[PDB]
Amino acid sequence: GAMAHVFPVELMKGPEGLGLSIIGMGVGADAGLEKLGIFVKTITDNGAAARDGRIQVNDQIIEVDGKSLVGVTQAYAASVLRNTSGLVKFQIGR
Amino acid sequence: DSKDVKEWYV
Ligand SMILES: [Cl-]
Ligand SMILES: [Zn+2]
């Protein structure tokens with residue numbers, strides 16, 4: 001459709017993490033490390049995100065546990081994601 | 001360049 005698809009995903013973190021990898025997309029003209037959006041590059045077989053089944057490669061992780069992942073460094077985003085624990089709440093874009 | 005940056009695992 002012509003409109004963005006944004007949806008919530010809640011899942012339980014696994015012992016080996018969320019089970020996905022992230023990349024940034026988009027920068028400012030200053031060329032510093034801030035990324036405009038954060039996107040899923042890979043999903044780990046048998047990991048929490050794979051088992052849940054909803055999140056896909058090239059989905060955007062817009063927000064996690066109330067923390068925006070818009071206009072943030074890749075390191076910041078990954079750190080937020082790594083600090084999740086137990087139930088994790090996402091806003092996902094497609 | 002951004003195009004060769006490594007993905008971060010979480
Ligand atoms: Cl994002
Ligand atoms: Zn590069």
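Notes on the structure in this doc start here. (Residues numbered from 1 in each chain as written, not as in the entry; some residues may be left out. Chains lettered and ligands numbered in written order. Heavy atoms only, no water.)

Quick notes on the overall build of chain A
So, step 1. Counting its regular elements, chain A contains 2 helices and 8 strands.
So, step 2. In sequence order, the secondary structure elements of chain A are arranged as β-β-β-β-α-β-β-β-α-β.
So, step 3. Relative to a compact globule of 94 residues, whose C-alpha radius of gyration would be 12 Å, chain A shows 13 Å and is just as compact.
So, step 4. Principal-axis analysis of the C-alpha atoms gives chain A an extent of 40 × 35 × 25 Å. (Helix = DSSP H or I, 4+ residues; strand = E, 2+ residues; numbered from the N terminus. Rg over C-alpha atoms; globule rule 2.2 N^0.38 Å.)

Describing the pairing of strand β8 (residues 87-93) of chain A
Residues in a regular strand point their side chains to alternate faces of the sheet.
Residues and elements named next belong to chain A.
So, step 1. As paired elements, strand β1 (residues 6-12) and β8 share 7 bridges and run antiparallel to each other. From the neighbouring strand, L11 faces β8, where its bridge partner is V88.
So, step 2. Sheet topology note: the strand β5 (residues 60-64)/β8 ladder contains 4 bridges and is antiparallel. Pairing of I61 across the sheet is with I92, part of β8. (Pairing = 2+ DSSP bridges.)

A short note on the coordination of the zinc ion (ligand 2)
Residues and elements named next belong to chain B.
So, step 1. Here the zinc ion (ligand 2) is held by the protein donor atoms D1 (N), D1 (O), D1 (OD) and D4 (OD), which lie 1.9 to 2.1 Å from it.
So, step 2. For the zinc ion (ligand 2), the 4 donor atoms in the first shell make angles of 80 to 166° at the metal, so the coordination geometry reads as irregular. In this structure, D1 and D4 share a single accessibility class: exposed. (Donors = N, O, S within 2.8 Å, 3.2 Å for Na, K, Ca; no water. Tetrahedral: all angles 85-135°; square planar, octahedral: opposite > 155°, others 65-115°. Buried < 20%, exposed > 50% of the residue type's maximum accessible area, 1.4 Å probe, protein only.)

With respect to the environment of A:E63
Residues and elements named next belong to chain A.
So, step 1. Counting through the fold element by element, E63 comes out in strand β5.
So, step 2. For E63, a relative accessible area of 30% corresponds to the partly exposed category.
So, step 3. Along the backbone, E63 and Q91 are 28 residues apart, and their C-alpha atoms lie at a distance of 5.1 Å.

Side note on helix α2 (residues 74-82) of chain A
So, step 1. Looking at α2(A), one finds that the buried residues are A:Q74, A:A77, A:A78, A:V80 and A:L81. The arc enclosing the buried residues of α2(A), seen along the axis, measures out at 160°, which places them on a common side. (Arc of directions from axis to C-beta.)

Regarding the nonpolar core
So, step 1. The biggest cluster of nonpolar side chains holds 23 residues, and the ones touching the most others in it are A:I22, A:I61, A:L69, A:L81 and A:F90.
So, step 2. Sorting the residues of this core by element identifies β1, β2 (20-25), β4 (37-43), α1 (48-52), β5, α2 and β8 of chain A as the ones contributing at least two each.
So, step 3. At 4 residues, the largest contribution of residues to this core is made by α2(A).
So, step 4. Leaving out residues up to four positions away in the same chain, A:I22 has contacts with A:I38, A:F39, A:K41, A:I61, A:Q74, A:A77, A:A78, A:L81, B:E7 and B:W8. (Core = buried A, V, L, I, M, F, W, Y, C linked by side-chain atoms within 4.5 Å. Contact = heavy atoms within 4.5 Å.)

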